[PDB]
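Let's start with one chain on its own, the form deposited without this ligand, as structure tokens.
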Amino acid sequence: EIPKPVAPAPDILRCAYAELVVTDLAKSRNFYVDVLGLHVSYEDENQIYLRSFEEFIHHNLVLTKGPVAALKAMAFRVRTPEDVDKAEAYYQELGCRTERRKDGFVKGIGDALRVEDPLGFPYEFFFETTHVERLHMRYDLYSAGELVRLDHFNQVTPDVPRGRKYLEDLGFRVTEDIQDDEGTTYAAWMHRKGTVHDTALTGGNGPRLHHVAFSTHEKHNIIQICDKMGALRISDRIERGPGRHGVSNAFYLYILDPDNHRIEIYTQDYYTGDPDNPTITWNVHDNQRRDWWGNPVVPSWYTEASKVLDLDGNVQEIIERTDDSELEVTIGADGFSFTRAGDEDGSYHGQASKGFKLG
């Protein structure tokens, strides 16, 4: 029900950074810098600007002290300065609230447009950014769990096909999705930069931010993050994983920051840059779709996500999903999942895999 505008879409390069509001800046710094080893581009009493090992733009993450923890903006870099004008014209045509700042909303970004998008999400588009020392060969700084790139965002939204269509018009190409035999869509992944995704839609009450994902070079780097969290005795902040994804084929881990913002660590998905890249649809009941090894998806993964803010700094109202619930149809009392389609052996009914029930 979101029409394709006459105005041309801005040419989006990739996800570039997220601005997260955090309640205790010191505790957040402890998590992102001391635990996760992100690199400080700038900090003061209000904000911490962080980047990954291979990044040359000013930052991939802004942490902003605020009264209520929430996503403040998810930023995409566009190809040219003129693409910021294109973004403004596009979202104006859609009837969305927009705000333009010629000198940026955060440090290290220039001319930028923020919008309350049709799904209620605060998107930023920008070209101009302050270049910093690209640390990609600074092996004197490299940590055993080094986060090397920002990879993607993931958004919770009640109507997946509605948001998918909107993002396709915006230029994202769908790479994978999860549906059932009766035509319900539960999740979709879509890209600009030639990886599996730059953002993704998870069916649920929204708008809420599901997670922000960073890449490592190798699988052992993700293992080290888990190991380090056990050593720091904060294993209760490991939410889910580590595992191999079905959708995306990436090795992964989900952890929780001090304000319960979910962060994914991700590596080794595949190239999607060709225009006829084959799309892959998984059945919702396929127990290898989210964790390839069949490990159960923790219930909080389906229920918990971050608030998002409007352009005034206020929390967006949550709209309830009316389509079927992935949690309910797979691990709920009347849910089921299979290892091999049509096989009772290795299937789970009314509970999760590996012998667990929902707590």
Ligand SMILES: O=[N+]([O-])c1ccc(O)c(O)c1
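Numbering starts at 1 and follows the sequence shown.
Set 132-140 against 109-117 and average the Cα temperature factors; 109-117 ends up higher. Once the C-alpha B-factors are averaged per stretch, 93-101 and 223-231 rank with 93-101 first. The entry lists C-alpha B-factors for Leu38, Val297, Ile319, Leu61, and the highest of these is at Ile319. In this structure the maximum Cα B-factor among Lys193, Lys86, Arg289, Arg244 is found at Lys86. Ranked by C-alpha B-factor against the other modelled residues of its chain, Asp169 falls in the highest third.
Compared with the other modelled residues of the chain, the Cα B-factor recorded for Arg162 ranks in the highest third. When the CA B factors of the chain's modelled residues are split into thirds, the value for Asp181 lands in the middle one. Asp274: CA B factor in the lowest third of modelled residues in this chain (values from the PDB entry). Placement of the Cα temperature factor of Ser28 within the chain: highest third of the modelled residues, per the deposited record.
The form solved in complex with this ligand exists for this protein as well; it is not shown, and the discussion that follows is about that form.
Interface residue remark: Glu264 is counted as part of the site for this ligand in the bound PDB entry, having a heavy atom within 4.5 Å.
At a distance threshold of 4.5 angstroms between non-hydrogen atoms, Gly246 is in contact with this ligand in the bound PDB entry. This ligand in the bound PDB entry comes within 4.5 Å of no heavy atom belonging to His191. For the chain shown alone, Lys72 is not a contact residue for this ligand in the bound PDB entry, no non-hydrogen atom being within 4.5 angstroms. Heavy atoms within 4.5 Å of this ligand in the bound PDB entry map, among the stretches 80-88, 246-254, 117-125, 166-174, onto 246-254 alone. Among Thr129, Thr184, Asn154, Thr98, the residue placing a heavy atom within 4.5 Å of this ligand in the bound PDB entry is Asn154. Using a 4.5 Å cut-off to this ligand in the bound PDB entry, each of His197, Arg240 and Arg290 places a heavy atom inside that distance.
Along 126-145, a non-hydrogen atom within 4.5 Å of this ligand in the bound PDB entry is carried by no residue at all.
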